[PDB]
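Colleague: Take a look at this one; I'll ask things after.
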Amino acid sequence: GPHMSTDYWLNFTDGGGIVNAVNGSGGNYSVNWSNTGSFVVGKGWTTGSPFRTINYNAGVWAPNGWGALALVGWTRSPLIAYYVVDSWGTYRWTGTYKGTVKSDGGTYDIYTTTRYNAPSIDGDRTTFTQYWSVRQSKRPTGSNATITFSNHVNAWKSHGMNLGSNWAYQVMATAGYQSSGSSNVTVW
């Protein structure tokens, strides 16, 4: 797989509440958020790859409510958002259950959902399918961790979940919805 450090900084908020993101040095970033709408912040790559290995270390992981410490990315053709969720806050991300995949010392549940009239890389009010791998139990944080994304791509394919042909961003993110928290993450 590719061996390139990060080149992309993502800082998205729909404007609800407070999302105080810091674009740190190298692969490092932090977020403190409060009473938010929908947001996603992270570091990664402008063009995703199905062969990338993402390394990270979350030195601070302190979400509440809906929060996700997750690989986040998109394809176009078709427009699909995907997620590999290693940890979360109060509520565990789920959807339509498809199966499981083992990767990087964890077992992940595979889900699909669909969003309507929602923000995406194509506009503020769009419809798109979402593919999820969600760890069955929260991954420990504070030590170096790996996501071998190809294992997820392959398992998704085995359940009829095919990604699009045009790769957009691919980041190791802090995402949340209607919540509050803190994170500090370094990505490579």
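Naming scheme: A, B, ... for chains in displayed order of the structure tokens; residues 1 onward per chain; ligands 1 onward as shown.
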Please report, as a PyMOL selection string, each residue of region 57-162 of chain A to which DSSP assigns strand (DSSP E) when run on this structure's backbone.
Modeller: chain A and resi 57-63+66-76+80-88+96-103+106-120+123-135+145-148
Colleague: Per residue of region 42-79 of chain A within 12 Å of region 162-166 of chain A, which atom pair is closest and at what distance in Å (one decimal), using only C-alpha atoms, listed by chain and increasing number, as JSON lines?
Modeller:
```
{"residue": "A:46", "atom": "CA", "partner": "A:166", "partner_atom": "CA", "distance": 11.8}
{"residue": "A:47", "atom": "CA", "partner": "A:166", "partner_atom": "CA", "distance": 8.8}
{"residue": "A:48", "atom": "CA", "partner": "A:166", "partner_atom": "CA", "distance": 9.0}
{"residue": "A:49", "atom": "CA", "partner": "A:166", "partner_atom": "CA", "distance": 9.9}
{"residue": "A:50", "atom": "CA", "partner": "A:163", "partner_atom": "CA", "distance": 9.3}
{"residue": "A:73", "atom": "CA", "partner": "A:163", "partner_atom": "CA", "distance": 10.7}
{"residue": "A:74", "atom": "CA", "partner": "A:164", "partner_atom": "CA", "distance": 8.4}
{"residue": "A:75", "atom": "CA", "partner": "A:164", "partner_atom": "CA", "distance": 5.1}
{"residue": "A:76", "atom": "CA", "partner": "A:166", "partner_atom": "CA", "distance": 4.9}
{"residue": "A:77", "atom": "CA", "partner": "A:164", "partner_atom": "CA", "distance": 4.7}
{"residue": "A:78", "atom": "CA", "partner": "A:164", "partner_atom": "CA", "distance": 4.7}
{"residue": "A:79", "atom": "CA", "partner": "A:164", "partner_atom": "CA", "distance": 6.6}
```
Colleague: In terms of the shortest atom-to-atom distance over only C-alpha atoms, which of A:54, A:62, A:85, A:22 is closest to residue 188 (chain A)?
Modeller: A:54
Colleague: Identify, with DSSP run on backbone atoms, the residues in chain A assigned to alpha helix (DSSP H), and express the list as a ChimeraX atom specification.
Modeller: /A:149-158
Colleague: The selected residues should be written to file as a compact mmCIF listing (two decimals), in the first residue's frame (atoms: C-alpha atoms).
Modeller:
```txt
# COMPACT_ATOMS: atom_id res chain seq x y z
CA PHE A 149 -8.71 -0.38 5.28
CA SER A 150 -8.53 -3.12 2.62
CA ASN A 151 -9.95 -5.63 5.11
CA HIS A 152 -13.05 -3.44 5.42
CA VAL A 153 -13.32 -2.84 1.68
CA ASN A 154 -13.17 -6.59 1.05
CA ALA A 155 -15.71 -7.49 3.73
CA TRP A 156 -18.10 -4.80 2.51
CA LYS A 157 -17.80 -6.17 -1.03
CA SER A 158 -18.72 -9.64 0.26
```
Colleague: Have a look at A:98, A:92, A:43, A:52 and name the one nearest to residue 160 (chain A); count only C-alpha atoms.
Modeller: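 The closest residue to residue 160 (chain A) is A:98.
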Colleague: Would you mind listing what lies within 9 Å of residue 120 (chain A) as a PyMOL selection string, with only C-alpha atoms counted and same-chain residues fewer than 3 positions away left out?
Modeller: chain A and resi 74+79+81+123-128
Colleague: Could those selected residues go to a file with N, CA, C and O atoms, as a JSON list (two decimals), in the first residue's frame?
Modeller:
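Wrote it out as selection-v3.json, contents follow:
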```json
[["chain", "number", "residue", "atom", "x", "y", "z"],
["A", 74, "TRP", "N", -15.07, 9.31, 1.44],
["A", 74, "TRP", "CA", -16.11, 9.31, 0.43],
["A", 74, "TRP", "C", -15.60, 8.75, -0.89],
["A", 74, "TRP", "O", -14.42, 8.88, -1.22],
["A", 79, "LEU", "N", -21.92, 8.29, -5.13],
["A", 79, "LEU", "CA", -21.64, 9.03, -3.91],
["A", 79, "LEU", "C", -21.95, 8.15, -2.69],
["A", 79, "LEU", "O", -23.11, 7.83, -2.43],
["A", 81, "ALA", "N", -20.58, 7.59, 1.53],
["A", 81, "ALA", "CA", -19.75, 7.89, 2.68],
["A", 81, "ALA", "C", -19.45, 6.57, 3.39],
["A", 81, "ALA", "O", -20.33, 5.73, 3.54],
["A", 123, "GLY", "N", -23.07, 18.75, -1.58],
["A", 123, "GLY", "CA", -24.01, 19.82, -1.28],
["A", 123, "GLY", "C", -24.56, 19.71, 0.12],
["A", 123, "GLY", "O", -24.28, 18.77, 0.85],
["A", 124, "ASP", "N", -25.39, 20.70, 0.47],
["A", 124, "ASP", "CA", -25.95, 20.77, 1.81],
["A", 124, "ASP", "C", -27.13, 19.83, 1.99],
["A", 124, "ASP", "O", -27.41, 19.42, 3.11],
["A", 125, "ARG", "N", -27.83, 19.50, 0.91],
["A", 125, "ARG", "CA", -29.07, 18.72, 0.98],
["A", 125, "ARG", "C", -29.01, 17.63, -0.07],
["A", 125, "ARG", "O", -29.45, 17.81, -1.21],
["A", 126, "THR", "N", -28.48, 16.47, 0.33],
["A", 126, "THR", "CA", -28.23, 15.38, -0.59],
["A", 126, "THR", "C", -28.62, 14.05, 0.04],
["A", 126, "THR", "O", -28.79, 13.93, 1.26],
["A", 127, "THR", "N", -28.79, 13.05, -0.82],
["A", 127, "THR", "CA", -29.08, 11.68, -0.41],
["A", 127, "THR", "C", -27.86, 10.82, -0.71],
["A", 127, "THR", "O", -27.26, 10.93, -1.78],
["A", 128, "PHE", "N", -27.48, 9.97, 0.25],
["A", 128, "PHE", "CA", -26.32, 9.10, 0.05],
["A", 128, "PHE", "C", -26.40, 7.91, 0.97],
["A", 128, "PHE", "O", -26.92, 7.99, 2.08]]
```
Colleague: For residue 19 (chain A), find every residue with an atom within 8 Å (counting only C-alpha atoms), except residues of its own chain fewer than 5 positions away, and show them as a PyMOL selection string.
Modeller: chain A and resi 13+31-34+36+39
Colleague: Output the selection as a PDB file, in the first residue's frame - N, CA and C atoms for each residue.
Modeller:
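See part_23.pdb below for the written result:
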```pdb
ATOM      1  N   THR A  13     -18.273  21.797   9.971  1.00  0.00           N
ATOM      2  CA  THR A  13     -19.376  21.884  10.907  1.00  0.00           C
ATOM      3  C   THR A  13     -20.590  22.450  10.195  1.00  0.00           C
ATOM      4  N   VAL A  31      -9.678  18.720  18.915  1.00  0.00           N
ATOM      5  CA  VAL A  31     -11.017  19.289  18.866  1.00  0.00           C
ATOM      6  C   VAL A  31     -11.543  19.375  20.287  1.00  0.00           C
ATOM      7  N   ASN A  32     -12.162  20.513  20.622  1.00  0.00           N
ATOM      8  CA  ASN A  32     -13.045  20.626  21.774  1.00  0.00           C
ATOM      9  C   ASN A  32     -14.385  21.119  21.243  1.00  0.00           C
ATOM     10  N   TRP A  33     -15.455  20.411  21.576  1.00  0.00           N
ATOM     11  CA  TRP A  33     -16.753  20.707  21.000  1.00  0.00           C
ATOM     12  C   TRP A  33     -17.815  20.705  22.083  1.00  0.00           C
ATOM     13  N   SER A  34     -18.887  21.454  21.814  1.00  0.00           N
ATOM     14  CA  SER A  34     -19.959  21.617  22.784  1.00  0.00           C
ATOM     15  C   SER A  34     -21.292  21.822  22.087  1.00  0.00           C
ATOM     16  N   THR A  36     -23.189  20.520  19.839  1.00  0.00           N
ATOM     17  CA  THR A  36     -23.006  20.716  18.411  1.00  0.00           C
ATOM     18  C   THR A  36     -24.256  20.346  17.612  1.00  0.00           C
ATOM     19  N   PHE A  39     -20.701  17.533  12.832  1.00  0.00           N
ATOM     20  CA  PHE A  39     -19.362  18.004  12.510  1.00  0.00           C
ATOM     21  C   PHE A  39     -18.447  16.821  12.246  1.00  0.00           C
TER      22      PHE A  39
END
```
Colleague: Go through A:187, A:175, A:18, A:147 and flag the residue nearest residue 63 (chain A), using only C-alpha atoms for the distances.
Modeller: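 Answer, going by the shortest atom-to-atom distance: A:175.
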Colleague: Within 9 Å of residue 67 (chain A), counting only C-alpha atoms, which residues qualify if same-chain residues fewer than 6 places away don't, as number ranges by chain?
Modeller: A: 87-93, 174-181
Colleague: From the list A:26, A:40, A:86, A:57, which residue is nearest residue 11 (chain A) when using only C-alpha atoms?
Modeller: A:40
Colleague: From the list A:84, A:45, A:35, A:112, which residue is nearest residue 65 (chain A) when using only C-alpha atoms?
Modeller: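 Among the listed residues, the smallest separation from residue 65 (chain A) belongs to A:35.
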Colleague: Hey, which of A:9, A:83, A:169, A:56 ends up closest to residue 129 (chain A)? Count only C-alpha atoms.
Modeller: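 Comparing A:9, A:83, A:169, A:56 against residue 129 (chain A), the winner is A:83.
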